[PDB]
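In: Kindly return the folded structure for what I paste below:
(one chain, ligands or ions: 6)
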Amino acid sequence: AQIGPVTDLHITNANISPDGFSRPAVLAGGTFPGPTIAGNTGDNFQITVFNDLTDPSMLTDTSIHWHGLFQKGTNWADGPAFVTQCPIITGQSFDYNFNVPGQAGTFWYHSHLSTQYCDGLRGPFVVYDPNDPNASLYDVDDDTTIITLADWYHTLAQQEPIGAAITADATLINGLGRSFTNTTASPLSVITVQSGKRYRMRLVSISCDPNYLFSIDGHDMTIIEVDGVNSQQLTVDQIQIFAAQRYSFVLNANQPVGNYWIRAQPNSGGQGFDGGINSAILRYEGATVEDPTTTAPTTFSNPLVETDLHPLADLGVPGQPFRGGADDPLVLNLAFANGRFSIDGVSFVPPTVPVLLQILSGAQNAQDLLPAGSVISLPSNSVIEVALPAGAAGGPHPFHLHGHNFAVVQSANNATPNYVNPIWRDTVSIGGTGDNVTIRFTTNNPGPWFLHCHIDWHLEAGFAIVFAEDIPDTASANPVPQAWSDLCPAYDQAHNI
Ligand SMILES: *[C@@H]1O[C@H](CO)[C@@H](O[C@@H]2O[C@H](CO)[C@@H](O)[C@H](O)[C@H]2NC(C)=O)[C@H](O)[C@H]1NC(C)=O
Ligand SMILES: *[C@@H]1O[C@H](CO)[C@@H](O[C@@H]2O[C@H](CO)[C@@H](O)[C@H](O)[C@H]2NC(C)=O)[C@H](O)[C@H]1NC(C)=O
Ligand SMILES: [Cu+2]
Ligand SMILES: [Cu+2]
Ligand SMILES: [Cu+2]
Ligand SMILES: [Cu+2]
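Out: Numbers count the residues shown, from 1 in each chain. Ligands and ions are numbered 1, 2, ... in the order given. Structure data below:
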């Protein structure tokens, strides 16, 4: 069952074996992925997170981010450790109490402390629309139509050796899949459909790193939502989905009753489908309980290309229709060297005092804010443009902005900008060498908002900055509860800081 919008959520350690290999994990709700948190647009969510972690190998502190929810007036509830809060310590709990006005779509939640989400703290977060403009396009939309794609590691996140390459050991679809090496015939996930019905499949990348080439043998997929933003219908037969992105697509159960492979090919780790790696099963009601015998094409006919997506609503693009046509036009220098990433020459290292607390305590320019050179002020009520030229090692990098979605004025692998009708989203691949992926948004949400690569290993290695949006109005806009004010003293006492 789905939980929420008012719920407890316990964070525990447990052993799991999603690919047949047992290892300890950090879990929400006792499962991997965690349970779906759900409600309706505009609802009040009160997620009381109980930190019951005891195993220091995966960190006993935690903090949870609600990915893609704007948190307007509740920046303190956003979750990134040392940006909006100190972590919750073990044996304590914290109520993330926020509202979701004006948003409806497919989201997710994850630890936002270190690389802890890789150790298991990740799950779906759905905000339904009782008046969804897409409602007539499908018959079924429920917990059985959520599809999560996850990378899974045998080595614990904190134990990944300095200086060796990090790759996953299994792809998990709805929490199950097979290991790339020492493959065993562990159970695969089954997604069940009824011949003749149409399903809103909510595809969620909960990846710490790889992008996936997602497809379903014999079927095509009609995209209707991108990162929470309703889209015009776009029919594709493969979706390249980067870490933290979401799509809804209509699946029409219009093929013969049978079994079809669901494929999720990561860009690193095991290549292909031998032994049933990178796979799940689409099973029609009445089909034999057996593996599919289908194959993929050699070449997909209609892969998703991001410039083909357009909003359902008339969202336009803020600003003027040329490069630099914004109130605050920025170009970030994104680089990697010697194990660390940098933005404008500064590698992100989390500060001792969370950025929000520094602002509430009276630090009112971004030059005053720690870490020095990692916090950039944005002016209020202004059009912002951010160019994110690629080239840094470890790409393609999926950049994500908290507190906002944005127009993707320029996408990967295409030099032509779109100032008319590009998709809006919250996580975007910045592409390959020579690209100039560019985003735009307006600043109507005071507070410190993280901007970073969503490959968690890259965030850990410094690939981030904080946009301190409307510093002067942050305190008035974001009243804080006593429990939030209590977090840093409790954390600092427990850690002798
Ligand atoms: C990406 O686009 C930005 C503008 O959005 C380019 O920025 C300009 O960079 C040149 C130097 O390279 C400056 O002289 C301009 O002041 C910048 N802003 C402009 C023209 O609006 C940037 O060069 C582009 N990067 C790549 C790799 O194509
Ligand atoms: C590269 O991106 C551009 C800009 O998004 C795409 O150009 C648009 O193409 C559509 C479809 O033919 C036209 O309706 C628009 O008028 C074009 N806009 C602009 C600004 O040119 C283009 O299709 C993309 N290239 C590829 C190969 O997909
Ligand atoms: Cu996220
Ligand atoms: Cu986020
Ligand atoms: Cu990256
Ligand atoms: Cu983040």
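In: got a list of contacts for the longest helix anywhere in the chain?
Out: Criterion DSSP state H: the longest helix present in the chain is helix 482-494. Outside of helix 482-494, the residues within contact range by CB atoms under 8 Å, 6 or more residues apart in numbering are 61, 76-77, 85-89, 92, 94-95, 353-354, 357, 497. From N, CA and C alone the C-beta is placed, and that goes for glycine too.
In: so how far is that helix off the chain centroid?
Out: Offset of helix 482-494 from its chain centre (CA atoms, centre = their mean, to the nearest Å): 27 Å.
In: Put the alpha carbons of that helix into CSV.
Out: Extracted as CSV, the C-alpha positions of helix 482-494 are listed here (Å, rounded to 0.1, in the frame of the first residue of the first chain):
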residue,chain,number,x,y,z
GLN,A,482,11.3,24.5,16.9
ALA,A,483,12.2,21.0,15.9
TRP,A,484,14.3,22.3,13.0
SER,A,485,16.1,24.8,15.3
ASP,A,486,16.9,21.9,17.6
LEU,A,487,18.6,19.8,14.8
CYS,A,488,22.0,21.6,14.7
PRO,A,489,22.6,21.7,18.5
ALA,A,490,21.7,18.0,18.8
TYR,A,491,23.9,17.0,15.9
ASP,A,492,26.8,19.1,17.0
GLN,A,493,26.6,17.7,20.5
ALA,A,494,26.4,14.1,19.3
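In: Tell me which residue in the stretch 301-450 of the chain sits closest to ligand 4.
Out: Residue of the stretch 301-450 of the chain nearest ligand 4, by CB to the ion: residue 402 (4.5 Å).
In: Need phi/psi at that residue.
Out: The phi/psi pair for residue 402 (degrees, to the nearest 10) reads phi -70, psi 160.
In: I'd like the distance between the nearest residue to residue 241 once chain neighbours are set aside and residue 28.
Out: Residue nearest to residue 241 in three dimensions, not counting chain neighbours: residue 205, with 4.8 Å by CB to CB, 6 or more residues apart in numbering. To residue 28, residue 205 is 17 Å away according to CB to CB, to the nearest Å.
In: give me every residue that touches the residue nearest to residue 241.
Out: By CB under 8 Å, 6+ apart, the neighbours of residue 205 are 148-149, 211-212, 241-246.
In: was I right about residue 33 contacting residue 189?
Out: No. In terms of CB atoms under 8 Å, residue 33 does not count as a neighbour of residue 189; the distance is 11.3 Å.
In: Mind checking which of these two has more residues around it?
Out: Set side by side, residue 33 and residue 189 show more neighbours around residue 33, with 25 against 18, by other CB atoms under 10 Å.
In: For residue 224, grab the count of nearby residues.
Out: By other CB under 10 Å, neighbour count at residue 224 equals 23.
In: before we move on, what about residue 86?
Out: By the criterion of other CB under 10 Å, residue 86 has 25 neighbours.
In: What residues are bridge-paired with residue 93?
Out: residue 50 (DSSP bridges).
In: right, I mislabeled it, should have said residue 37
Out: Here residue 37 sits in beta bridges with residue 3, residue 125, going by DSSP bridges.
In: which residue ranges form the strands in the stretch 101-250 of the chain?
Out: Secondary structure of the stretch 101-250 of the chain (DSSP state E, counting those that start in this stretch): strands at 105-111, 122-128, 146-152, 170-173, 190-193, 198-205, 212-216, 221-226, 229-236, 239-241, 246-252.
In: Format these as JSON lines; extra columns: distance to residue 134.
Out: Formatted as JSON lines, those follow (distance: least, CB to CB, whole Å):
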{"stretch": "strand 105-111", "distance to residue 134": "10"}
{"stretch": "strand 122-128", "distance to residue 134": "11"}
{"stretch": "strand 146-152", "distance to residue 134": "16"}
{"stretch": "strand 170-173", "distance to residue 134": "24"}
{"stretch": "strand 190-193", "distance to residue 134": "18"}
{"stretch": "strand 198-205", "distance to residue 134": "8"}
{"stretch": "strand 212-216", "distance to residue 134": "20"}
{"stretch": "strand 221-226", "distance to residue 134": "5"}
{"stretch": "strand 229-236", "distance to residue 134": "6"}
{"stretch": "strand 239-241", "distance to residue 134": "17"}
{"stretch": "strand 246-252", "distance to residue 134": "8"}
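In: okay, how far is it across stretch 188-201, tip to tip?
Out: Start-to-end span of stretch 188-201 (CA to CA, to the nearest Å) is 18 Å.
In: And stretch 349-358, by the same measure?
Out: OK, stretch 349-358 end separation, CA to CA: 16 Å.
In: That one and ligand 6 in contact?
Out: No. Stretch 349-358 stays clear of ligand 6 (CB under 5 Å from the ion), getting no nearer than 11.6 Å.
In: Other residues contacting that stretch?
Out: Applying CB under 8 Å, 6+ apart, the contact partners of stretch 349-358 are 75-76, 81-86, 361, 368-371, 374-375, 447-448, 462, 466, 468, 474, 478, 488, 497.
In: Could you name the specific helix or strand carrying the residue in the chain positioned nearest to ligand 6?
Out: Residue nearest to ligand 6 within the chain (CB to the ion): residue 450, separated by 4.4 Å. Residue 450 belongs to strand 447-453 when assigned by DSSP states H and E.
In: Show me the domain layout of the chain.
Out: Domain segmentation of the chain under curated CATH domains yields 1-133, 134-313, 314-497.
In: Deepest-packed of the ones you listed, please.
Out: Mean neighbours per residue, mean count of other CB atoms under 10 Å, is largest over those for domain 1-133, with a mean of 21.
In: For residue 132, which non-adjacent residue is closest in space?
Out: Residue 132's closest residue in space is residue 104 (CB to CB, 6+ apart), at 6.9 Å.
In: Pull the contacting residues for the one you found.
Out: 40-41, 127-129, 132, 228.
In: which among these gets closest to ligand 5?
Out: For these, the nearest to ligand 5 is residue 228 (21.7 Å; CB to the ion).
In: Surely that closest one and residue 103 touch.
Out: Yes. Counting by CB under 8 Å, residue 103 is a contact partner of residue 228 at 6.1 Å.
In: so what's in contact with these two at the same time?
Out: 68, 127.
In: circling back: is the strand holding residue 450 up against ligand 3 anywhere?
Out: No. Strand 447-453 is not in contact with ligand 3 by CB under 5 Å from the ion; minimum separation 9.4 Å.
In: Around ligand 4, which positions in the stretch 101-250 of the chain sit nearby?
Out: For the stretch 101-250 of the chain, no residue is in contact with ligand 4 (CB under 5 Å from the ion).
In: Looking at the stretch 101-250 of the chain, which residue is nearest ligand 3?
Out: residue 244 (4.5 Å).
In: That residue reaches residue 207, doesn't it?
Out: Yes. Using CB under 8 Å, residue 244 is in contact with residue 207, at 7.1 Å.
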